[PDB]
């Protein structure tokens, strides 16, 4: 509400703590939902089905016993990188390759056959996975990143429909509905019997996630006092950062693709259930002509906060008088027609959007394929969650005691350079590769939290909202475009990482031109 009314009710009190505690917790589950792909879509080694081994009758027919390692060569051509070919099989058994003396070069997939009878996967680490359930390998390999893109697409559409809708019906209503939609879609996706159904439910989950993300932040911003807005926003981000540790802790327990999704998405039922006693912001109620309900909510909060007499003395006349400043000036959002037209301000918008897109692209394109970065996913997830916190805390101190532009440029350049260096080093040293990847992800997080603050300060007060929205849209578009880059991995796994390392470096170097503050 207006500063006078909020101060009369009380800037900080019981209700603020209760609402912050209630709203921060679901953000961890939202991060868990976003990062569930690393574990519910793992790609295990997939040999080609062979009747000689799986069908016990044929194997037992041969007198004596033949070791599986020796009997595998006779029916699997030697694939690249000294391994078994992933999507082929010998047309007929070849006992000549059985003798180790003969060179295996003559034995190749030239006279082989495709995987007619299906693939055999590994259940040592993951008991089940979506890839092993719908055969998303070989010719369907490209369908894996696709499922990752559609989900992100949903987020982009969510902010396009949760923007005006929440501005007409309210904040709490949209938040509650999005909680319900998240819970229902997450519960339903676990039972999807076909790939398109799962993709549709994932897209709906993304829609609800975008709605929740916007609305919780808006509500928190409105209710908290002016002096403590950034302090609460950084906590709202720190919750999403702890979401990574939560994700790492959950996946280690349940090894499945349906149980994991169900357990992750079931708490949103409770989130919806208890989200009915949260108060609708009186600011939006009062400006939109809803006076009685806003006054009732203000009195309710005042009674909650421990000041009863102050709330009792309130009357609609003082409420109307105190809010005349906003009503007289009905600030209407200005379109881009008055933003891009001015030649002087073009450069600022161009680089701001460039930075937003660079982070939104590179961070998601790298985080989603967490396997290629290190050896074991669980340790990488835990270390990402642990390291994101100190970087986010130290960025604020750096900004306080250092310029915004140098910090932004250095963070972006360093994150990009660590990501690039991660590829060059060999695969013998897993520890160093994992450390470099973790440092790169932390740098990207720091760059995001710095640019979030930096974007608003550049432009005037009137045009700040449009520029912020443009940056968010560009970052979400980059996030969508991120996963699609992996389709170039057929040439080699190094090219996607090279692109992910080159983009942030150039973005950071470019970001050194726009003025400070």
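In my numbering, the protein residues as written are 93 to 609. Backbone N, C-alpha and C fix where the C-beta goes; we use that ideal spot for every residue, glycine too.
Straight-line measurement puts the Cα of residue 285 at about 15 Å from the Cα of residue 239.
Spanning the alpha carbons of residue 93 and residue 372 requires a straight line of approximately 11 Å. Residue 294 and residue 158 have their alpha carbons spaced roughly 46 Å apart. Spatial neighbours of residue 210 in its own chain (CB-CB distance under 6 Å, excluding positions within 5 residues in sequence) are listed in chain order as 141. For the pair of segments examined, the segment 469–481 was found to touch the segment 330–348: the number of CB pairs separated by less than 8 Å reaches three.
Relative to the Cα of residue 596, the nearest Cα in the group 579, 578 and 574 belongs to 574. The beta carbons of residue 132 and residue 268 sit no closer together than 8 Å.
In this structure, DSSP gives residue 553 a state outside helix and strand, which the three-state scheme calls coil.
Per DSSP, residue 297 is one residue of the alpha helix (DSSP H) stretching across 287–315.
DSSP lists no beta-bridge partner residue for residue 349.
In the three-state reduction of the DSSP assignment, residue 143 falls in the helix class, which pools H, G and I. The beta carbon of residue 221 lies closer than 6 Å to those of 134 and 349 in the same chain, with the five residues before and after it left out. Bridge pairing for residue 181: 205 [DSSP].
Excluding five sequence positions before and after residue 358, the CB atoms of its chain that fall closer than 8 Å to its own CB belong to 275, 278 and 279, given in chain order. Following the DSSP letters along the chain, one finds residue 514 inside the alpha helix (DSSP H) bounded by residues 496–516. Only residues of its own chain outside the window of five on either side were considered, and among them 194 have a CB closer than 7 Å to the CB of residue 188, listed in chain order.
The beta carbons of residue 136 and residue 224 sit closer together than 8 Å. Excluding sequence positions up to five before and after residue 450, its CB lies within less than 6 Å of the CB of 595, 596 and 599, all in the same chain and listed in chain order. Taking the C-beta atoms as reference points, residue 536 is found nearer than 8 Å to residue 454.
Within the same chain, Cβ atoms closer than 6 Å to the Cβ of residue 100 are found at 402, the five residues on either side in sequence being excluded. The beta carbons of residue 282 and residue 250 sit no closer together than 8 Å. For a cut-off of 8 Å, the C-beta gap from residue 563 to residue 547 is around 5 Å, short enough to register as a contact.
Of the residues assessed, residue 480 falls on the buried side of the cut-off, its CB having 16 or more other CB atoms within 10 angstroms. Here the segment 416–431 lies against the segment 551–560, with 3 or more beta-carbon pairs under 8 Å apart.
Rounded to the nearest whole angstrom, the CA to CA distance from residue 122 to residue 247 is 12 Å. A check of alpha carbon separations from residue 127 across 105, 569, 426 and 332 identifies 332 as the nearest. Annotated three-state conformation of residue 421 is coil, per DSSP. Around the beta carbon of residue 422, fewer than 16 other beta carbons sit within 10 angstroms, so the residue counts as exposed. Its Cα nearest to that of residue 384, the residue 412 stands out among 365, 412 and 370. In summary, residue 214 is exposed, with fewer than 16 beta-carbon neighbours lying within 10 Å of its beta-carbon over all protein chains present. In this structure, residue 492 lies away from residue 538, with their beta-carbon atoms at least 8 Å apart. Beyond the five residues adjoining it in sequence on each side, residue 606 comes within less than 8 Å, by CB distance, of 439, 440, 443, 444, 497 and 550 in the same chain, given in chain order. The residue among 347, 561 and 155 with its C-alpha nearest the C-alpha of residue 426 is 561.
Only residues of its own chain outside the window of five on either side were considered, and among them 140 and 179 have a CB closer than 6 Å to the CB of residue 207, listed in chain order. With respect to the 8 Å criterion, residue 316 and residue 304 are not classified as neighbours on the basis of their beta carbons.
Sixteen is the threshold: since fewer than 16 other Cβ atoms of the shown chains lie within 10 Å of the Cβ of residue 424, the residue is exposed.
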